[PDB]
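Asker: Have a look at this one before I ask anything.
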Amino acid sequence: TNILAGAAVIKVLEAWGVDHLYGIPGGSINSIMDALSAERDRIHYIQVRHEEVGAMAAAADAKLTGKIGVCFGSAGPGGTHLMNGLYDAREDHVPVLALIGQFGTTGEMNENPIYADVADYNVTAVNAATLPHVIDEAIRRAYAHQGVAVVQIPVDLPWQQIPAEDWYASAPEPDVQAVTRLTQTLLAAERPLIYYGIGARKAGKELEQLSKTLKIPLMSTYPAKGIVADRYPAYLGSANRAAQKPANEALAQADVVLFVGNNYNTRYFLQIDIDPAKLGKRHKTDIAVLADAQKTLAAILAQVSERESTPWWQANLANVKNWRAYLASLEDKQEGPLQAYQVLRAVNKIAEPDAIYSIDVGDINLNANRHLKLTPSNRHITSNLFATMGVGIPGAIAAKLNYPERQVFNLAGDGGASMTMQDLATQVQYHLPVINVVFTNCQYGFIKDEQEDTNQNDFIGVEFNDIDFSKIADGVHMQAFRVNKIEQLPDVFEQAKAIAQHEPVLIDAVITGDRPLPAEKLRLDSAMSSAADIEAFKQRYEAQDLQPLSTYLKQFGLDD
Amino acid sequence: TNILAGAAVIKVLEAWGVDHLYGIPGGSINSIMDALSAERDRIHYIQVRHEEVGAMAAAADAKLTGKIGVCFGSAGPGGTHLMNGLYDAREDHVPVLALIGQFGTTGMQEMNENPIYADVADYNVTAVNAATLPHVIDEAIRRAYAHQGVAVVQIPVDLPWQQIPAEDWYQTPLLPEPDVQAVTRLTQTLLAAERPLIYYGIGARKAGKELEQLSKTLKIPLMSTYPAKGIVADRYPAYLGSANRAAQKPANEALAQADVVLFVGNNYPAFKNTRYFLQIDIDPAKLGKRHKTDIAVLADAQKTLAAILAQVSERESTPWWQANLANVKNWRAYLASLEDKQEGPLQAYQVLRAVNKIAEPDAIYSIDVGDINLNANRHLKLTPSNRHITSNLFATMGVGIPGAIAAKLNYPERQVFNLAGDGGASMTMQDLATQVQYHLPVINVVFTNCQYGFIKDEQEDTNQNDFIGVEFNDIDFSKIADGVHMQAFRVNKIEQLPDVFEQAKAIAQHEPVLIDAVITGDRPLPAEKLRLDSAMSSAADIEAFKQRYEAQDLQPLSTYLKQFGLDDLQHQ
Amino acid sequence: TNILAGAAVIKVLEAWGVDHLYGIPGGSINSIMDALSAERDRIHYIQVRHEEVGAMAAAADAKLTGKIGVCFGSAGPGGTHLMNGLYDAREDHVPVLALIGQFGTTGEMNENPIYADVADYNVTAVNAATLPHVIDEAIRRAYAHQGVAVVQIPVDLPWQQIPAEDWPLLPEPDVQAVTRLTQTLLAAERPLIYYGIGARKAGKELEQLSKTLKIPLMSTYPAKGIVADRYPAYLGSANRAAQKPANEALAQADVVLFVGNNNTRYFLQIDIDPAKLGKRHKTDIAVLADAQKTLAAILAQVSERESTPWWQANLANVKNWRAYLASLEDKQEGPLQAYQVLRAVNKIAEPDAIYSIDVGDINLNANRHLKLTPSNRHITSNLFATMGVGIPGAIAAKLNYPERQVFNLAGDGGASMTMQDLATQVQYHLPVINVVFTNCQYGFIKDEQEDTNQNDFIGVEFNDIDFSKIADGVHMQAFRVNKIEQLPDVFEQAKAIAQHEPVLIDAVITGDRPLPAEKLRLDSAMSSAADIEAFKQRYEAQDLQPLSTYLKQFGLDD
Ligand SMILES: Cc1ncc(C[n+]2csc(CCOP(=O)(O)OP(=O)(O)O)c2C)c(N)n1
Ligand SMILES: Cc1ncc(C[n+]2csc(CCOP(=O)(O)OP(=O)(O)O)c2C)c(N)n1
Ligand SMILES: Cc1ncc(C[n+]2csc(CCOP(=O)(O)OP(=O)(O)O)c2C)c(N)n1
Ligand SMILES: [Mg+2]
Ligand SMILES: [Mg+2]
Ligand SMILES: [Mg+2]
Ligand code: NA
Ligand code: NA
């Protein structure tokens with residue numbers, strides 16, 4: 009028996025469990041549209057307002073669920089609009105299929128070169144009969160390479176009849200010597216760190232147990248926030264840069280670092306990874322164990338005993354408390370000019386235990402990293418390695434489509450919200466009760482801070498005219514609020530919390546131009562800087578009560 | 009002696025007369041920003057809210073002035089946001105320079126960026142050395158002009174902050196006359212034709228006078244490509260419009276009837298009854314191109330048309346001439362009947378009449394992509410004093426706003442419109458803020474049908490199942506404008522138009538304004554699928570057609586041919 | 009009414025005047041082969057032994073005639089073998105069409128990204144009916160961009176019946201600017217005319233203008249022969265096949281006129308392409324017009340000037356240089372060197388001879404020793420500078436000009452790379468005279484390593500390959516000579532074999548370094564006394580004078 013080549017493509021997608029896909033129709037892709045139309049019962053098509061949002065939401069689908077994301081764009085400008093979302097997925101290593109329209113084989124640009132760089136698989140379908148098989152292979156290449164597969168489909172092909180009976184959709196324990204050699208080196212260290220990334224997703228319980236047992240402080244990569252609960256008193260934050268003070272400071276001091284599902298004064302580097310091509314990378318590393326994170330951590334645990342509090346442990350616990358109190362003093366202001374810190378507190382107050390956070394790119398990464406309180410039941414996404422602005426809105430859309438029953442925030446700077454603002458209309462249209470929080474500083478704040486640090490001449494391109502996002506949201510028929518004072522927060526967030534039981538809501542938070550404390554440029558220690566520099570720093574960042582790790586090392590007898 | 013490499017880069021730009029440039033800063037491009045900062049008296053940096061608008065605006069600059077446009081974007085996602093503006097430049101064949109940030113040659122997303130631009134660019138290099146950086150920029154610019162396309166330079170951020178010797182760093192063809200025997204052959208074929216057409220594209224942009232003189236002397240009807248609208252004034256009675264699919268009825272119908280077609284600065288973007302193809306073009310690669318071409322002349326359009334003119338004199342009306350004239354009058358009367366409605370549900374047609382009404386004689390129109398191309402092609406009344414831009418060959422939506430920014434920056438003393446559908450306006454809406462920020466008095470008109478109307482009509486013609494992706498929720502663009510602090514109006518009835526457009530006219534003496542026209546889901550008459558030939562299509566289809574398009578009084582070309590004693594393509 | 013798509017393709021090629029094309033068949037291109045088979049009397053298919061040679065030969069076709077060269081390769085490995093020839097065509101700016109086989113649309124490497132960088136037009140045909148259109152457009156884009164067009168052809172489409180019946193301006197000179205240019209030129213104290221191949225058609229005028237105004241001539245390497253080499257005021261080329269007199273003169277010049285090209300006060304330039312106007316140094320006067328018309332127009336508004344000291348110093352430098360060159364060429368006995376071999380080539384060369392020249396020391400040596408006139412042609416890989424082009428250049432030369440004498444001058448390194456296609460000259464009866472200069476080195480790279488490297492030589496001295504035995508292998512008459520005295524009889528024999536069949540001479544030469552015109556040790560006011568004498572000894576340069584000697588001798592400073 010026969011079938012339209014288009015209808016078979018859609019069946020290939022359903023066979024792989026694709027629940028929703030994103031795009032904007034064009035004549036060059038209307039035969040795929042026709043097939044999607046017949047299947048609206050079985051697959052959910054989300055019409056976006058800019059195809060980049062579709063490509064970003066697809067990456068975000070795959071970041072959230074591990075399942076391939078699917079987007080499409082019309083020939084020429086529809087497909088090229090996909091680029092920021094497709095690079096995002098290439099660089100964060102998530103599977104995404106993109107379909108691109110193309111004029112019919114009989115019925123004039125060469126599209127294939129356009130996708131050669133971003134895609135791990137990039138083919139133009141030549142024949143209706145193999146069209147479904149090409150889609151099937153694209154999907155398995157995407158999964159195989161954890162990246163982008165691109166298929167360009169000449170528009171006549173999906174309208175051709177083909178046979179149905181012919182197509183298909185084709186849908195270990197660690198080394199016990201090494202584990203001991205690893206444990207021993209870890210045991211002997213004076214300043215041990217356990218430093219994990221998303222490779223340790225399944226291993227949060229073990230990480231926390233090992234940390235408290237052996238009195239060893241924990242730090243994560245930025246995407247690894249929430250794998251171990253933030254409130255855990257020996258969790259230092261992340262290093263590198265949405266960087267938190269305690270992690271940045273301890274790293275300089277450690278003598279042995281255990282890298283768990285990661286790959287970033299240290300004499301020994303210890304490493305656990307599932308992938309051998311990852312065992313060496315940043316500096317000559319001394320013990321590399323090839324194995325699963327959860328198991329190797331359980332194998333360490335099964336052969337160690339509770340040590341008692343060491344100096345290192347106690348200086349770190351003290352630094353963490355001091356940092357946390359600093360953050361709390363920012364959060365706890367009750368009245369006055371609104372700043373990012375209180376908006377994040379108010380977010381914390383309304384957040385449910387399993388909230389999902391879609392985070393844009395800018396000061397929000399730094400601020401969310403420090404103020405959000407996450408646990409293993411939270412999820413948070415962003416564009417990590419490509420770091421494209423604009424992903425807050427699309428990430429929130431995907432989150433809500435995958436998890437209709439969970440609370441979803443979109444946290445975004447105004448520069449980033451502006452880039453994908455139109456797709457606020459997409460939340461209204463598809464009834465996705467996202468809570469959007471726009472941090473309005475009228476600046477590219479992250480880049481102003483960078484220019485402050487490097488440029489000789491005046492600021493340029495980093496301060497701009499205000500956009501009132503509560504009117505933008507009104508424009509797309511979404512309820513919204515604009516606040517500019519701390520004391521407005523409680524009531525506005527309660528309203529948002531309730532509106533989002535049924536419909537999207539936006540809060541436009543007009544915040545000050547205050548720079549968030551920079552963890553790599555501390556001026557806290559009387560040794561390394563002037564008394565006046567320290568006074569200016571403390572004034573600027575309201576950090577009068579913040580102490581350097583210097584202070585706590587000495588309080589416990591350790592050298593700096 | 010001694011300058012920073014970044015400062016030398018900006019001096020290159022100034023030397024080539026770059027007045028303004030677009031982009032969004034990032035750490036990977038903060039050293040070029042620093043150098044822009046020092047030169048802010050001599051070059052105007054325009055901060056846009058999405059880098060695609062900067063690249064689209066750059067293409068639009070080059071379209072309007074022939075001067076290279078300049079945009080930039082930070083490493084990674086800033087530069088990739090440029091793609092739609094760059095492909096638009098490439099496909100419309102206008103020079104654009106894009107500068108891409110990259111991390112410094114010291115700490116060097123550690124992406125290889127160079128392969129990203131290999132397909133769009135005619136010149137695509139990573140600067141390796143501070144001292145040759147200015148030469149690289151200068152070569153990039155030369156190559157963009159040479160190829161009339163995109164040049165891309167990736168610039169490691171440490172380089173513009175390096176000192177270099179100031180002591181090291183750093190044209191228009193007048194053409195020969197046409198071959199006279201070849202022009203005579205061409206003139207004789209043209210004169211002998213019973214049904215001749217002159218079909219010109221933007222290659223004929225300097226030849227509007229000759230085109231119109233030749234047309235009236237010899238009683239030969241004119242049609243144009245869509246971009247060539249306005250080279251001859253629309254009001255000229257023998258201008259048939261364009262053929263293709265912003266297509267106008269008279270041009271479309273005449274193509275099928277013609278025995279001889281003269282392509283001038285064109286090369287066809295279908296004829297069947299055409300015995301001879303005549304072509305005048307400046308590029309020998311273009312001579313030929315479709316389905317065998319008969320006489321081909323390598324020369325400038327203006328000189329060649331003046332040569333032809335010099336060797337002919339006035340002919341009397343021909344039946345062909347009077348038939349096309351009558352067909353044009355009938356088409357125009359149909360369009361005016363749509364425009365002249367005074368009350369009722371707003372349609373695009375009355376919106377454009379209201380634009381015509383407030384427009385200055387030298388107004389510039391930035392036009393987006395969708396039903397607006399078809400409608401503005403039919404309703405706008407342009408002359409050689411106007412300019413219009415759109416994305417012609419790449420046909421990317423979103424260019425209305427960026428083009429109007431570029432237009433107002435090049436010509437601050439000229440009235441500038443942005444005509445955009447709601448789908449296209451949505452894609453670059455954030456950059457309404459930029460017209461506000463830079464005080465650019467654009468008149469924005471959004472055509473709100475809550476549809477991808479162009480695509481709906483395509484699904485209507487081809488799809489077996491129900492519409493999908495083509496009807497969507499409203500966005501109120503007057504509130505979007507209020508969001509960015511721009512005065513604005515929403516209108517949904519014909520009778521609201523005069524007063525709203527007059528306030529807009531006046532507001533735009535000082536500041537941007539936006540009008541959000543809520544319009545019906547009516548489908549504009551498809552000039553490519555007429556059902557009027559009381560012979561060629563059932564009596565049922567004809568009645569259905571005339572009713573849907575309010576085309577009760579429209580006659581097919583066949584009627585006017587018959588009136589003047591000429592056969593059709595129904596008689597073979 | 010109907011035609012096979014493949015036949016239509018071959019008809020497009022014929023319609024465009026394509027006489028011959030090169031390639032190696034495979035199943036992925038067997039339908040185009042089938043169509044070539046049916047047309048053997050209207051288009052000549054040359055089967056090569058390595059596809060790179062077919063691409064390089066295609067490039068040489070276009071350099072010699074200005075008409076598009078055509079090559080093809082089978083899917084995957086046959087097409088990728090083309091690359092050195094496609095890049096040669098891209099960089100030397102000549103139109104070449106390349107057809108690549110591909111698995112059938114219905115019947123799976125993605126081949127299109129392979130050609131993206133080399134090609135100005137790079138398309139997969141998707142449909143039998145438009146195929147002839149695709150080929151025609153490819154040819155037009157190749158000509159338009161003076162570069163490579165690539166078409167991938169699914170092997171099923173050429174076997175499909177399709178309807179048979181559905182298949192530049194030079195600017196002239198702005199006469200104020202020509203007067204302006206003439207003036208700065210005339211005002212000049214140490215003027216030079218520096219031309220490249222853009223002055224192809226203007227050799228007469230360049231020479232008249234030089235004799236009239238007493239201005240010395242310089243060329244780019246590829247412009248050698250545009251003005252007879254005998255002309256006593258031709259200084260040679262500057263850069264790196266460079267000859268001493270041009271090298272020295274340029275450093276002393278105050279005005280330089282650049283004609284069809286791309298201490299100095301003014302840069303004058305004539306060129307046909309606006310993008311070229313100012314491309315090297317900073318220029319005062321730039322003329323956008325045709326090289327020949329412009330030089331004719333300059334000639335009209337000028338009059339016979341008299342001998343000058345700059346004129347006389349250059350003439351005398353040129354005489355000294357040519358006497359040094361002649362002295363190497365005139366050795367009569369002893370260990371053979373390249374100099375005597377080139378002399379021996381000069382002595383049997385006919386006046387309208389074509390030289391295909393490979394890459395290495397040979398470009399330098401032949402630039403100095405060959406005596407060319409406007410009646411000669413010479414081709415090589417100029418900008419890409421790929422080794423191996425000697426053999427395929429000669430094949431293409433003899434195929435375009437069966438009635439003219441054709442030399443292939445190659446080093447051993449470069450001849451090794453395409454040696455297999457000596458079999459192609461035999462097979463197609465193409466009477467090339469091949470001369471292989473055997474130093475058992477990558478001589479040019481050894482010299483560079485001498486200049487730059489701290490450690491010993493590496494990779495630049497290798498074992499001997501006897502090329503007369505190689506030629507004997509593919510059934511071509513050949514000789515090996517290693518002494519100066521052997522040349523006359525061998526070259527006279529070679530000369531006469533080449534009236535009928537290809538022949539090869541394997542000239543075993545010394546490892547002597549040819550004089551480096553950029554590393555001269557001849558100025559006592561500049562180089563050490565032990566240096567200068569060492570230099571002279573090594574290069575047999577005892578009679579050679581720096582230009583400064585001659586500047587002293589006629590009044591001029593530095
Ligand atoms: C598309 C894109 N352009 C530029 C950048 C470089 N960039 C990084 S952070 C940033 C500023 C973000 O500004 P905003 O969203 O307002 O956040 P803020 O720092 O002000 O909170 C920029 C422009 C990027 N990552 N993506
Ligand atoms: C970026 C992009 N995506 C898709 C297309 C295909 N396309 C052409 S017209 C059109 C619809 C335009 O709709 P709108 O702007 O609302 O104008 P309308 O036809 O409804 O007046 C689309 C989606 C395109 N050209 N560019
Ligand atoms: C395919 C290729 N590989 C390497 C080079 C670099 N190269 C330039 S000259 C040269 C030496 C050529 O040696 P040979 O043919 O023996 O000539 P010789 O200098 O010894 O006369 C080399 C290796 C090149 N141009 N092409
Ligand atoms: Mg901001
Ligand atoms: Mg619309
Ligand atoms: Mg050698
Ligand atoms: Na946008
Ligand atoms: Na070989």
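Chains as they are written, first to last, in the authors' numbering: chain D, 9 to 115, 123 to 186, 195 to 287, 298 to 593; chain B, 9 to 116, 122 to 183, 190 to 288, 295 to 597; chain A, 9 to 115, 123 to 182, 192 to 286, 298 to 593.
Where a beta carbon is used, it is the ideal one built from N, C-alpha and C, also for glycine.
#1: Quick check on the burial criterion: 16 or more other C-beta atoms within 10 angstroms. Buried or exposed for residue 33 of chain B?
#2: Look at the alpha carbon of residue 266 of chain D and the alpha carbon of residue 75 of chain D, and state the distance between them as a whole number of angstroms.
#3: Taking 7 Å as the cut-off, is the C-beta of residue 171 of chain D nearer than that to any heavy atom in ligand 2?
#4: Would the C-beta of residue 124 of chain B count as close to ligand 1, meaning under 7 Å from any of its heavy atoms?
#5: List, in chain order, every chain B residue whose beta-carbon is nearer than 9 Å to that of residue 570 of chain D.
#6: Mapping the DSSP letters down to three states, classify residue 553 of chain D as helix, strand or coil.
#7: Consider the C-beta atom of residue 447 of chain B and the heavy atoms of ligand 5; say whether any pair is separated by less than 7 Å.
#8: Cα-Cα, which of B/194, B/151, B/204 and B/147 is closest to residue 178 of chain B?
#9: From this set, D/436, D/473 and D/419, which residue's C-alpha is nearest residue 445 of chain D's C-alpha?
#10: Is the separation between the beta-carbon of residue 14 of chain B and that of residue 37 of chain B shorter than 8 Å?
#11: Can the beta-carbon of residue 400 of chain B be found less than 8 Å from the beta-carbon of residue 373 of chain B?
#12: Are the beta-carbon atoms belonging to residue 589 of chain A and residue 347 of chain A less than 8 Å from one another?
#13: So, is the C-beta of residue 368 of chain D closer than 8 Å to a C-beta in chain B?
#14: Comparing alpha-carbon positions, which option in A/107, A/163 and A/158 lies nearest residue 139 of chain A?
#15: Do residue 167 of chain D and residue 126 of chain D come within 8 Å of each other at the CB atom, strictly closer than that value?
#16: Step through the CB atoms of chain D and report whether any lies within less than 8 Å of the CB of residue 128 of chain A.
#17: Does the beta-carbon distance from residue 414 of chain B to residue 68 of chain B come in below 8 Å?
#18: So, is the C-beta of residue 317 of chain A closer than 8 Å to a C-beta in chain B?
#19: Could you give the first and the last residue of the continuous beta strand (DSSP E) run that contains residue 84 of chain A?
#20: Does residue 153 of chain A come within less than 8 Å of chain B when only Cβ atoms are used?
#21: For my contact list, residue 432 of chain A and residue 391 of chain A are in at a C-beta cut-off of 8 Å; report their separation, rounded to the angstrom.
#22: Tell me the residue span of the alpha helix (DSSP H) that contains residue 95 of chain A.
#23: What separation, rounded to the nearest whole angstrom, lies between the Cα atoms of residue 486 of chain A and residue 556 of chain A?
Answerer: The short version:
#1: Stepping through the second sequence from its first residue, residue 33 of chain B is reached at position 25. That one is buried.
#2: Taking the first sequence and counting its residues from 1, the one referred to as residue 266 of chain D is at position 243. Taking the first sequence and counting its residues from 1, the one referred to as residue 75 of chain D is at position 67. Those two C-alpha atoms are separated by around 30 Å.
#3: Locating residue 171 of chain D in the first sequence gives position 156, counting from the first residue. Result no, Cβ not under 7 Å from ligand 2.
#4: Your numbering for residue 124 of chain B matches position 111 in the second sequence. Result no, Cβ not under 7 Å from ligand 1.
#5: Here residue 570 of chain D is taken as the residue at index 537 of the first sequence, counted from 1. In chain order: nothing, as chain B lies at least about 22 Å away.
#6: For the purposes of this step, residue 553 of chain D is taken as residue 520 along the first sequence, with counting starting at 1. Three-state DSSP puts residue 553 of chain D in coil, outside helix and strand.
#7: As a working note, residue 447 of chain B is residue 422 in the second sequence. It does: the Cβ of residue 447 of chain B is within 7 Å (strictly closer) of some heavy atom of ligand 5.
#8: Taking the second sequence and counting its residues from 1, the one referred to as residue 178 of chain B is at position 165. When only C-alpha atoms are compared, the closest one is B/147.
#9: Against the first sequence, residue 445 of chain D aligns to sequence position 412. Checked all of D/436, D/473 and D/419; the closest Cα to residue 445 of chain D is D/473.
#10: As a working note, residue 14 of chain B is residue 6 in the second sequence. As a working note, residue 37 of chain B is residue 29 in the second sequence. By the CB criterion at 8 Å, residue 14 of chain B and residue 37 of chain B fall outside the cutoff.
#11: As a working note, residue 400 of chain B is residue 375 in the second sequence. As a working note, residue 373 of chain B is residue 348 in the second sequence. Yes, they are a contact pair.
#12: Taking the third sequence and counting its residues from 1, one reaches residue 589 of chain A at position 554. Taking the third sequence and counting its residues from 1, one reaches residue 347 of chain A at position 312. Contact flag set, yes.
#13: Sequence index remark: in the first sequence, residue 368 of chain D carries index 335 (1-based). It does not; no Cβ of chain B falls within 8 Å.
#14: Here residue 139 of chain A corresponds to residue number 124 of the third sequence, with the count starting at 1. Cα-wise, what sits closest to residue 139 of chain A is A/107.
#15: Within the first sequence, the letter at position 111 stands for residue 126 of chain D. Within the first sequence, the letter at position 152 stands for residue 167 of chain D. In this structure, residue 167 of chain D lies closer than 8 Å to residue 126 of chain D by Cβ.
#16: Residue 128 of chain A sits at position 113 when you count from the first residue of the third sequence. Yes, contact with chain D.
#17: Within the second sequence, the letter at position 389 stands for residue 414 of chain B. Within the second sequence, the letter at position 60 stands for residue 68 of chain B. Contact: yes.
#18: For the purposes of this step, residue 317 of chain A is taken as the residue at position 282 of the third sequence. Yes, contact with chain B.
#19: Stepping through the third sequence from its first residue, residue 84 of chain A is reached at position 76. Note, residue 84 of chain A: premise wrong, no beta strand (DSSP E); not H, not E.
#20: Residue mapping note: residue 153 of chain A aligns to position 138 of the third sequence, counting from 1. No, because no Cβ of chain B sits closer than 8 Å to the Cβ of residue 153 of chain A.
#21: The count along the third sequence starts at 1 and reaches residue 432 of chain A at position 397. The count along the third sequence starts at 1 and reaches residue 391 of chain A at position 356. Correct: roughly 6 Å between the Cβ atoms.
#22: In the third sequence, residue 95 of chain A corresponds to position 87, counting from 1. Per DSSP, residue 95 of chain A belongs to the alpha helix (DSSP H) from 91–99.
#23: Numbered from its first residue, the third sequence carries residue 486 of chain A at position 451. Numbered from its first residue, the third sequence carries residue 556 of chain A at position 521. Cα to Cα, the separation comes out at about 14 Å.
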